[PDB]
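Worksheet: the structure to be examined is printed underneath.
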Amino acid sequence: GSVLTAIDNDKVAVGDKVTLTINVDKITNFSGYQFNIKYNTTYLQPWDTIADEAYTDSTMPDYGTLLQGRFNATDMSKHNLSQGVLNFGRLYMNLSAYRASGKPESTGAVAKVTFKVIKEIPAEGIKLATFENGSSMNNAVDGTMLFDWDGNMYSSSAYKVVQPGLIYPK
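According to the authors' numbering, the sequence shown holds residues 2 to 171 in order.
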């Protein structure tokens, strides 16, 4: 399987918002994730679209469609925005209830992160973000940890992380 992303709009002007939607695909019996994501603080400012305010170091990103079942999901968000690092995750704690649902998740959106563009993007573009080890995430795969509903952690041989694409100036 894979972790992979989509960018809503490739071309941005200063003040525009651009959203990275983060998906998993073919992650068998998916029960939770943790991500460490780096972005360039010169150009981008993570933005809370519900509050309409910049993230602080505790702000949880927007949800996707997965991890929304009633199986006692728990969120973690503990960034270092000064260093352009987002670190967050979400998981089902009640795995027994999840297993009993007969509705294993494996593909779909898990989170979205919107950024406000704060400086003109160079003509050659910039990577919107990168998944990269950091944190205290042991055995991470390119800055990601994925779990299944038996509490197994997936290895680098089970999935790949497809790095986000570029954004460009209008």
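All C-beta atoms, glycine included, are put in the ideal place defined by N, C-alpha and C.
Between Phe-72 and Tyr-99, the beta carbon gap of about 4 Å places them in contact (Cβ cut-off 8 Å). Contact check for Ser-107 and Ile-28: beta-carbon distance about 5 Å, within the 8 Å limit, so the pair qualifies. When rounded, the separation of the alpha-carbon atoms in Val-13 and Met-61 is 24 Å. Check the Cα spacing between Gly-126 and each of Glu-54, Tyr-44, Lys-104: the tightest is with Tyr-44.
By the beta-carbon neighbour count (other beta carbons within 10 angstroms, threshold 16), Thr-75 is exposed. Sorting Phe-116, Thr-131, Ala-124 by C-alpha distance to the C-alpha of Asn-10 places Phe-116 at the top. In the three-state DSSP reduction, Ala-110 falls in the strand class (E or B). Note that the C-beta distance between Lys-79 and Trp-48 is not below 8 Å. For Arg-100, there is no enclosing beta strand (DSSP E); the enclosing alpha helix (DSSP H) covers residues 96 to 101. Between the alpha carbons of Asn-153 and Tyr-169 lies a gap of roughly 39 Å. In terms of Cβ geometry, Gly-2 and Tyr-40 do not form a close pair [threshold 8 Å]. Counting other Cβ atoms within 10 Å of its Cβ, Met-146 reaches 16 or more and is therefore classed as buried. Within 10 angstroms of the beta-carbon of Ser-137 lie fewer than 16 other beta-carbons, which makes it exposed. In the DSSP assignment, the residues bridged to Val-25 are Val-4, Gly-109.
In the DSSP assignment, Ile-168 falls within the beta strand (DSSP E) that extends over 167 to 170. Within the same chain, Cβ atoms closer than 8 Å to the Cβ of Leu-96 are found at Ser-32, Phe-72, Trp-150, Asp-151, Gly-152, the five residues on either side in sequence being excluded.
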